[PDB]
Colleague: 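Got a structure for you, written out below as C-alpha cells; questions coming shortly.
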Amino acid sequence: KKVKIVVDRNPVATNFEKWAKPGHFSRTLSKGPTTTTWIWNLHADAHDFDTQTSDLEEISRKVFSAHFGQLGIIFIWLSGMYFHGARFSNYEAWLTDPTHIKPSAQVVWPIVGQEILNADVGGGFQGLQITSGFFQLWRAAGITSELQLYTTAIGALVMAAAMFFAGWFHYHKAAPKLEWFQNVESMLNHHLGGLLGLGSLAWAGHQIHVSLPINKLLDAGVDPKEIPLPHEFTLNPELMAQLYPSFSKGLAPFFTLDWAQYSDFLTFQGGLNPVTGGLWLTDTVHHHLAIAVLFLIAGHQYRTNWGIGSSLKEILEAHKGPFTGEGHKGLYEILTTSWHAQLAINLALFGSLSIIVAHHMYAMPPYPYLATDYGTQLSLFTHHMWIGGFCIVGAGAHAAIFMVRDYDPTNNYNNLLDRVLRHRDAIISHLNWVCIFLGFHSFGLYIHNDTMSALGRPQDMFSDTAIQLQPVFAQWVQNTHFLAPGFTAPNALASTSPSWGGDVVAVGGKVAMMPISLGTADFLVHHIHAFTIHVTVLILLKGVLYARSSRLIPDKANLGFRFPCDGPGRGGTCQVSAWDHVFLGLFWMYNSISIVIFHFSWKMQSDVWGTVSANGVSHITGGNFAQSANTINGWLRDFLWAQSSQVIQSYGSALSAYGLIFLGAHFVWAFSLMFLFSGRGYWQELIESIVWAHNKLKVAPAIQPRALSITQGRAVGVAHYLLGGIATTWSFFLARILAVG
Amino acid sequence: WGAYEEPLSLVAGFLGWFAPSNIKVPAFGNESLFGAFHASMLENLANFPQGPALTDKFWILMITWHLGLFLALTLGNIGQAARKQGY
Amino acid sequence: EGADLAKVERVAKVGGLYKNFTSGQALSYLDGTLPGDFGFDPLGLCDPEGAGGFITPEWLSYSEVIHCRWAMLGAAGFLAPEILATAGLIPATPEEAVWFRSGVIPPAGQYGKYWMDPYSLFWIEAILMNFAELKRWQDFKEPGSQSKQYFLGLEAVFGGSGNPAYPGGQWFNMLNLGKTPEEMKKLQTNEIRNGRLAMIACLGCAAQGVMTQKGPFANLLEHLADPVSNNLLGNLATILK
Amino acid sequence: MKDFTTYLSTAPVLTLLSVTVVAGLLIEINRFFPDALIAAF
Amino acid sequence: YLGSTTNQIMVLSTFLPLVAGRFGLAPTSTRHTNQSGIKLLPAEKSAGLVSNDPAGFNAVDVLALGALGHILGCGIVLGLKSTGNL
Amino acid sequence: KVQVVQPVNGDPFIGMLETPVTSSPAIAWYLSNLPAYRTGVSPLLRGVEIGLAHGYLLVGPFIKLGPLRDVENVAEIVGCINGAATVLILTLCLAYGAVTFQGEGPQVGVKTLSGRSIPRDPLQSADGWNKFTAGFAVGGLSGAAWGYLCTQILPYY
Ligand code: CLA
Ligand code: CLA
Ligand code: CLA
Ligand code: CLA
Ligand code: CLA
Ligand SMILES: CCCCCCCCCCCCCCCC(=O)OC[C@H](COP(=O)(O)OC[C@@H](O)CO)OC(=O)CCCCCCCCCCCCCCC
Ligand SMILES: CCCCCCCCCCCCCCCC(=O)OC[C@H](COP(=O)(O)OC[C@@H](O)CO)OC(=O)CCCCCCCCCCCCCCC
Ligand SMILES: CC1=C[C@H](O)CC(C)(C)[C@H]1/C=C/C(C)=C/C=C/C(C)=C/C=C/C=C(C)/C=C/C=C(C)/C=C/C1=C(C)C[C@H](O)CC1(C)C
Ligand SMILES: CC1=C(C/C=C(\C)CCC[C@H](C)CCC[C@H](C)CCCC(C)C)C(=O)c2ccccc2C1=O
Ligand code: SF4
C-alpha cells in the first residue's frame, strides 16, 4: 500500500571477476565448454533472465538496467548521426538548394578504388546519398547551421553517458524493489502525462519559438545565414510578432480564454504547404498542443497515494458479460507479475504503430522537401513496415513464451484466457478456412488472369476493361474524406492528404502528392495483403494457443517453449513447439511485408511520383500498374525485370555498392537454404570424418566440434533467409529510386 | 421473443423509439440529421429502383444514422439486461 | 489509516496551515525531531523505509539546509546591488545593477568591467568550490575525516559534529551562539524558515526578471506605485518586452 | 587487473582484436602499395 | 476582464464542483463510487489525508475538483464563444 | 448471470460446446427441418429435394460468368454445364456410397439430446445411399432444366 520509492543499497559489487568467467549467469553452463554447443548456448540464453534466476525482483532489475543500456546505445547512434551531419555532410549547402542538391552524410576513404562511392550529390560535396530523412527533420526543426548539429551530437554523447551511468547505478548501487516495479497505476500516470504529454508540450513550445519563425523565413525565401538565431526569436516577442502578429498581445489571450487570437500560428488548415510540399508547421504545432493537453488529462485516471483515481484491477474485474463467464478477472495479476505478457502486448501495439506511422508519413509528408525526395519516402516507408512486422512476430513469440512459463491454471479459471484456451479448435479451424478462402479468391484471380492472357482471351480477365472488381467501399471512404472540409469539418480549409482527391501538389517540378485512384489491381493487391496477414496471424495464434498442450502431444508444456520435437513417433512431431511456430511466422511475415512494399513502390512510381510539364504529369513508370498489376507476369516483367535494370547496371558508378550488395544478399538468402533443407545427423557424421582427419595429425580440439542443434539450425536458416531477402529488396529499391528519383 | 433466445427484450423498444428523438434535433447546418436522411431517402429514389449513385449525401447520412441507431440499440440492450450494471 | 489524532496534534500546535497538507504517511516518520519539521511531505520522499541513493532522510535534510543557506546568500545578493544603486550609493545605474545582468547570463546582459573575464573567474571558482565542496562531502561520508590530514593547519577546525549540516566548530561557530540545546534548536528553526523564505524569494526573483525584464526592487516599487495595474495579471500582455 | 586481462584474453575479444589488426595491416599495405596484381620483386 | 461573462462562467464552473464535492454530492478522496459510478459510497479514510475542514474536505479534493471545474469551464466558454453566444 | 455457452448436452468432456449459434431454437428448428436430418423420411425424396435445390442454384454461375456469357445462347450452354456438374457430383455420391457402405458392424446406438433412443438414419446404409443418390440425379437434372425455363419465363429477370 502507498506508492513510494523502495530501493535496495549496493546489491551487486562492481568488478571484472565475472567478466573472465563466461557462462556465470547460467547454472547449466558451469561444466565448461566440453563441446562447441556450449558456445552457442552461452549467447542463446544471455538475456533469458527468467532462467538465470527464479526471483522476479532480480529479473526486473536486470530488465531495468538493460533498458538503460539500450537507451545509451540509441543515444550513441543519435550522436553519430548528428556528428556525421555536422562534419561529413552538405546540409548547409542543401539548405540553399533543397530541390536539386541530394542529401549526403557519409564520406568514404580512398583505399581500394572505393572512392567511386563518393557521388556528386551537389554543392561542391562528394559522398554517399542518404535516405534517412535527417536533413528534412533538421530543416523542420530550424537547425540551419552545422554548429548546432555538433552541439546536439555532444549533448547526445553526454546523454548516452548518463544512460549508462543510470543503468550501472540502478543495478549495483540503488536497485529498485519488486513492489516499485509493480506500480502500474503510477507508471501509467507518469508515462501518459509526464512523458507523452510533457514531451508533446515541450516540442510544441520549441516549434512555436524556433521552428515557426525560421521555417517561415526559409519558405518566404531568405538565405539561411541571414535568418536570426533561434534565441533571437525565442526571447524577442517583437521580431516574432513581426512574423506572427498575434504575439504582440503576449500570454494575455491564453489566460483570458480568448484563444482565437492565436489563430495565426495555431491554424487548422490541412493539406500541404505548396512551397515545401510538407504539412503546415502551424497545424503541427496545434496538433502537438492538443495531444499534449489530452495526454496530460489522461495521466490523471489511475489511483495512487490519494483517494481520487481509478483502479486497473477494479475496472478489469468489472467488465464481464454473459458470453465470457468470469471476464477479465486475473488479467491484472498476469500483467503485474509476468514480463513476457507485457512484452507481447507492447510489441504487438508497437509494431502496429510503426506500420501506421509508415502509412501516415507517406500519405501526409510532415517534413519540408520530403515528399519530393522519392528515395527518402520509399526508404522510410519500407523501413517502418519491416520494423512493424518484426515487432508483431516478436509479440506472438512472447505471447507463446508467457503461455508456456508464466501461465497458471489456478489463477485463470473461467476467465477470458481460460475460455479462449477451451475453444482453440474452433478459432484455429475457422481461421484456417478463412485463410484458404482468401488464398483462393486472391491468388487464383491472378492465376486466372495469367491463363486468360496467355490463352489470348483478355476479355475474360479480372481487370478494369473486362470483369471489373471495383473497391467501392475504399472509393467511397476516399471521396468522403475529400468532401470533409466545409461539411463534416467546417473549420478545415483542406483535406488531411491530397490522396483523397483534389488538385496535384507539386514542388520544384516534381509531384509531391496527388490523388491515388483505386481500381481492380488495388482490390486484388489489398485482398492479397489480407490473405497474407491472415496466414501469419493463423500461424502465430496457433502456436500461442497450442503452446501448452495439443491432441498430438498432451504434455507439450512440460517439454518447454523451445524444443526441436518429440521424436519421429506419431508419424512425426517436427517443429511442434511454439518457437517453431514463430520460426514459420517469420517467413510468412517476410512474404506479407515484401508484397506490401512492392505494391507501394509500384503504385507510387506509376500513379504518384513524376514530373509536371504544364501539360500533365509524367509518372516514372507511365502508369503501367493499372494495366499490368492484375497478373503475375506483369509483376515479374513490368516491376521486377523492368525496375531491376538500375541495380544491375550500377557497376562503375556511385551506386556500384548497391549492385554488389544486391548480389551478396542473393547469396546469403541461398545460403540459408542449406540450413533449412538439411538435418543435424548428416553434418554430425561429416564432422566425425573431419575430426578423424584432425586426430590423424594431432590437431583435434578439446572443445569437441558438434553440429548446430536442430533449433539453432532453424534459427540460422531463418535469419539468413530474411537477411538475404530484405537486403536484396533494400539494394534494389535504393538503386532504382536513386537512379530515377 | 416469439422465436430464438434473443435477449432483445420487448420493453427495450426505447432504443429505436428514443434515438430519433435525439437525432432529429437540428445541427445548425442543413436542418437535421434524421430530417436530411429522410429527405434524401424520399428524393434520391425510394432506395430500391435505380440507386444512390457513387458516394452521395444519402450514403453518408444513412451510414451515420444507422451507426447511431445501432450503437444506441446495442448499448441500451446491454445496460437494460445488466440491471443497473450489476456485472 | 485515518491519521493518528495524537500525531496530528503536534502539527496542529505548529499553527498556520500546517495541518491541511499533512498526512498519516508523513507523520509516521516526522515526529518533530528535525528543525522545521512541520509535517509536510505529501509525496513521502523522506520515508525511511526503502531509502537509498540520494533519496534518504539524512541526505534530504542536509540538502535542504544547504539550499536554505545558498538561497539566503542569493536573495541578499539579488537585492543589495539594486537597492544600493537605486539610492545612488554605488556608481551603477539601477538597470545595470540587476542580478541577471552582472555577467551570469551574457545574453541577458553582462558587466564587462571586472578585473578579469568571467570565464577565467569561473575557472578559479571551480577550483575553489571543488576544494570546499569535496572536503565537505568527504566529511559527510566520514565525519571523523577532514581533521586528520594536514591542510596548512586549518584541519584543526574541520572536525565537525554528529550532524553534517551543523559542524559549528572553532570556525563555523565563532561567536558560540546557541549554547543550550533548546536555544540551538530554536536558532535552527529560524535558519530553516529564513532559508525556505529565501528559496521562494529567489524563485520569485527569477520569474519576475523573466516576465518584467527588471530588477526585484524596481518591481516592488512599481507594484507599490500602482498595485491594481502592476501585477501578475496586468503584466501578462508584455512578458519579454 | 588480472580479471580484466583475463577477460581481454577471451576468444571473442581476441578474435575481434586479431581481425582488426590484420585488416588494418592489410589496409595500410594496400594504401602504401596499391594495385599489387602480381608479386613483382 | 474581471466581471465579464467569461469570468463569471469560469468562476462559477470552478466553484460549483468544489461545493458539490464538499457536501457529499461529487466524488472526492474519501467518498468514491461503486462499479456503477452513480452511487456514492460512505467516506473511507484509508488515504491518511488530514484537513481542518469539519467534513474532511482535504487539499487533494480542492486540487481535483478545481482541475475538473477548470476543464469543464474552459470547454463551456470555448463552445459558447465559438458558436455565436457569450 | 446467464451463461449462453454450455457444454454439449451438459457433458463437459465431449469435443463440442453449445452456443447461441448451434443451440439456438430457431437455428435448431431450421437445421432439423432440412431434408438431410429426416430419419423418418424416405432417402429418395430427400435426395430429390436436395438435388432440385442444388441443380437450380448451380446454373447462375455459368450463366453470368461462363466463357460464352456474352452470347444469346448462354442459357442453353449453361443448362448443359449444370447437367454435367450434377452428373459429376452424382458419380461422386455413388463412389462415396460404394466405399462407405460395403460392410456391417455392431455400431453403438443413437439417442436424442433428451436421451430418447432412436434408430440410425436409413440414409447411412448401402440401400439408403443408393436411393438417395438416385433421387439426387432426378432432382439435380430437373433443377438444372428448371433453371433454363426460369430464364425464358420470369417477366422481370
Ligand atoms: C565498468 C562497469 C561495470 C562493471 C565492472 C560491471 C560488472 C558486472 N556486471 Mg554490470 N552494468 C554496467 C556496468 C558494469 N558492470 C552498466 C553500465 C550497466 C547498465 C547497462 C550494467 C548492468 C548489469 C546487469 C543487468 C547485470 C550486470 C551484471 C554484472 C556482473 C556480471 C556480468 C558481466 O559483467 O559480464 C560481462 C559483460 C560484458 C563483457 C559486456 C556485456 C555486453 C555489452 C553490454 C553489449 C553492448 C552492445 C554493443 C554495442 C555490441 C552490440 C552490437 C555489436 C554486434 C556490434 C559483473 C560483476 C549481471 C550480474 O549481476 O550477474 C548476475 C547483471 O545481470 N550489469
Ligand atoms: C514524468 C516521469 C517519468 C518519465 C518522463 C519517464 C520516462 C521514461 N521511463 Mg519511467 N517510470 C516513472 C516515471 C517516468 N518515466 C515512474 C514513476 C516509474 C515507477 C512506477 C517508472 C518506471 C519505469 C520503468 C520500469 C521503465 C521506465 C522506462 C522509461 C523510459 C522509456 C523509454 C522511452 O521510450 O522513452 C523515450 C526516451 C527518452 C525520452 C530518453 C530521455 C530520458 C530523459 C532523461 C527522461 C528521464 C525522466 C526521469 C524519470 C527523470 C528522473 C530521473 C532523475 C532521478 C535523474 C523513459 C525515458 C523504461 C526504460 O527504458 O528504462 C530506462 C522502463 O523500463 N520507467
Ligand atoms: C523489445 C524486444 C524484445 C526483447 C526485449 C526480447 C527478449 C527476449 N527474447 Mg525475443 N523476439 C523479439 C523481440 C524481443 N525479444 C522479436 C521482434 C522477435 C521476432 C524475430 C523475437 C523472437 C524471439 C524468439 C524466437 C525467442 C526470443 C527469445 C527472447 C529471450 C532470450 C533472448 C536471448 O537472450 O537470445 C539471444 C540473443 C541473440 C543471440 C542475439 C542475436 C541477434 C540475431 C540472431 C542476429 C541478427 C543480425 C542483425 C540484424 C544484424 C545483421 C548484421 C550481421 C551480418 C552482423 C529474451 C527475454 C528466446 C526465448 O527463449 O525466450 C525466452 C526465443 O527463442 N525472441
Ligand atoms: C529515465 C528512467 C528513470 C527512472 C524511472 C528513474 C527512477 C528513479 N531514480 Mg534515476 N536516473 C536516471 C533515470 C531514471 N531514474 C538517469 C538517466 C540518471 C542519470 C542522470 C539517474 C540518476 C539517479 C540518481 C543519482 C538517483 C536516482 C534515483 C531514482 C529513484 C528515485 C528518484 C526520485 O523519484 O526522486 C526524485 C527525482 C528528482 C528529484 C529528479 C528531479 C531532477 C531532474 C534533473 C529533473 C529534470 C528532468 C526533466 C526530464 C528535465 C526536462 C528538461 C528541463 C529543461 C525542464 C527512482 C526509482 C535516486 C535513488 O536511487 O533513489 C533511491 C538517486 O539517488 N536516479
Ligand atoms: C537568518 C539566517 C540564518 C540563521 C538564523 C542561522 C542560524 C545558525 N547557523 Mg547559519 N548560515 C546562514 C544563515 C543563518 N544561519 C547562511 C546564509 C550561511 C551561508 C554562509 C550559513 C552557514 C552556516 C554554517 C557553516 C554554520 C551555521 C551555523 C548556524 C547555527 C549556529 C548559531 C548561529 O550562529 O546563529 C546565527 C546568527 C545569526 C543568523 C545572526 C547574524 C545575522 C547577521 C546579519 C550576520 C552578520 C555576519 C557577519 C558576516 C559578521 C562578520 C564578523 C563576525 C565574525 C563578528 C545557527 C542555528 C553553524 C552551526 O551549525 O552550529 C553548530 C555552522 O556550522 N551557519
Ligand atoms: C471487417 C471487420 C473487421 C473485423 C473482422 C471481423 C471478423 C471476425 C469474426 C470473428 C467473430 C468471433 C465471435 C466471438 C464470439 C465472442 O467473442 O463472444 C461474444 C462477445 C462477448 O461479450 P460479453 O457479453 O461477454 O462482454 C463482456 C466483455 O467485457 C468480456 O469479453 O460479445 C461479442 O459479441 C463480441 C462481438 C463479436 C463480433 C465482432 C464483429 C464486430 C463488427 C465490426 C464491424 C466493423 C465494420 C462495420 C462497421 C460499420
Ligand atoms: C508545480 C509547482 C508548484 C509547487 C507546489 C509545491 C510546493 C508546496 C509548498 C506549499 C506550502 C506547504 C504548506 C505551507 C503551510 C503554510 O502556509 O504555512 C503557514 C505560513 C508560514 O507561517 P509559519 O511557518 O511561521 O507558521 C507558524 C505560525 O503561522 C503559527 O501560527 O503562514 C502563512 O499563512 C503564509 C502563507 C500564505 C500564502 C502566501 C500566498 C500569498 C499570495 C496571495 C495572492 C492573492 C491573489 C492570488 C491570485 C493568483
Ligand atoms: C517540501 C516538499 C515535500 C513534498 O512531498 C515534495 C515536494 C513537493 C518536492 C516538496 C517541495 C519542494 C520545493 C518547494 C522545492 C523548491 C525549492 C526551491 C525554490 C529552491 C530554490 C533554491 C534557490 C537557490 C539555491 C538560489 C541560490 C541563488 C544564488 C546562489 C544566486 C547567486 C547569484 C547572486 C547572489 C547574484 C549574481 O548577480 C548572480 C548569481 C551568481 C546567480
Ligand atoms: C552447414 C550446416 C551445419 C554445419 C555448420 C556449422 C557446424 C557452423 C560452422 C560455424 C563455423 C565454426 C564458424 C564460421 C565463421 C564464419 C566465417 C562466420 C560465421 C558467423 C558467426 C560470427 C556467427 C549444421 O550444423 C546444420 C545443422 C542443422 C541443419 C543444417 C545445418 C547446416 O546446414
Ligand atoms: S527429423 Fe529431427 S526434428 Fe524431426 S522428429 Fe526426427 S529428430 Fe525430431
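Proteins come first, then strands; the chains are lettered A, B, ... in the order of their sequence lines, and each starts at number 1. Just the heavy atoms: all of them, side chains too, but no hydrogens, waters or symmetry mates, feed the values below.
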Colleague: Minimum heavy-atom separation for A:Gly193 to A:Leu296, with atom names?
Modeller: O-CD2, 3.7 Å

Colleague: Is a side-chain donor or acceptor of A:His84 paired with a backbone partner of A:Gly80 at a separation under 3.5 angstrom?
Modeller: no

Colleague: Take A:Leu738 and A:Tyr658 through the test side-chain contact (heavy atoms from CB on, under 4.5 Å) and record every step on the way to the result.
Modeller: CA-CA 10 Å; A:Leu738 288 192; A:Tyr658 290 117; 3.8 Å; yes

Colleague: Under the side-chain contact (heavy atoms from CB on, under 4.5 Å) test against A:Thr282, which residue among A:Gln207, A:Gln269, A:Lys216 passes?
Modeller: A:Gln269

Colleague: Tell me which one of A:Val608, A:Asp607, A:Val511 satisfies side-chain contact (heavy atoms from CB on, under 4.5 Å) with A:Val617.
Modeller: A:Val511

Colleague: What do the steps show when you test A:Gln377 against A:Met604 for side-chain contact (heavy atoms from CB on, under 4.5 Å), and what is the final call?
Modeller: CA-CA 10 Å; A:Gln377 282 274 77; A:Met604 311 294 282; 5.5 Å; no

Colleague: Carefully, step by step, assess A:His287 and A:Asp283 under the rule side-chain contact (heavy atoms from CB on, under 4.5 Å).
Modeller: CA-CA 6 Å; A:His287 149 74; A:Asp283 273 26; over 6 Å; no

Colleague: Mind checking whether A:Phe247 and A:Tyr244 have parallel, tilted or perpendicular rings, split at 30° and 60°?
Modeller: tilted

Colleague: What is the ring orientation for A:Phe381 with A:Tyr362, classed by angle as parallel under 30°, tilted 30 to 60°, or perpendicular over 60°?
Modeller: perpendicular

Colleague: Please report the shortest heavy-atom distance between A:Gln646 and A:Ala739, naming the atom on each side.
Modeller: CG-CB, 3.5 Å

Colleague: Do any N or O atoms from the side chain of A:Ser497 and from the backbone of A:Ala363 form a donor-acceptor pair under 3.5 angstrom?
Modeller: yes

Colleague: Can you name the side chain to side chain donor-acceptor pair (under 3.5 Å) partners of A:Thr256, sequence neighbours left out?
Modeller: none

Colleague: Please determine whether side-chain contact (heavy atoms from CB on, under 4.5 Å) holds for the pair A:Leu201 and A:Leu289, giving the CA-CA distance in whole Å, both sets of side-chain angles, and the decisive distance to 0.1 Å.
Modeller: CA-CA 6 Å; A:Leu201 185 67; A:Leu289 177 51; 4.0 Å; yes

Colleague: Of the non-hydrogen atoms in A:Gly85 and A:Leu149, which two are nearest, and what is the gap between them?
Modeller: O-CD1, 3.5 Å

Colleague: Can you tell me if A:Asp503 has over 12 outside heavy atoms packed within less than 6.0 Å of its CG?
Modeller: no

Colleague: Any ion pair linking A:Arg139 and A:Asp219 (charged N to carboxylate O, less than 4.0 Å)?
Modeller: yes

Colleague: Ring of A:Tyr150, cation from A:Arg87 - is the NZ or CZ under 6.0 Å from the centre and inside 45° of the axis?
Modeller: yes

Colleague: To check you understand the geometry: which heavy-atom pair defines the closest contact between A:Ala512 and A:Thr372, and what is its length?
Modeller: CB-CG2, 4.1 Å

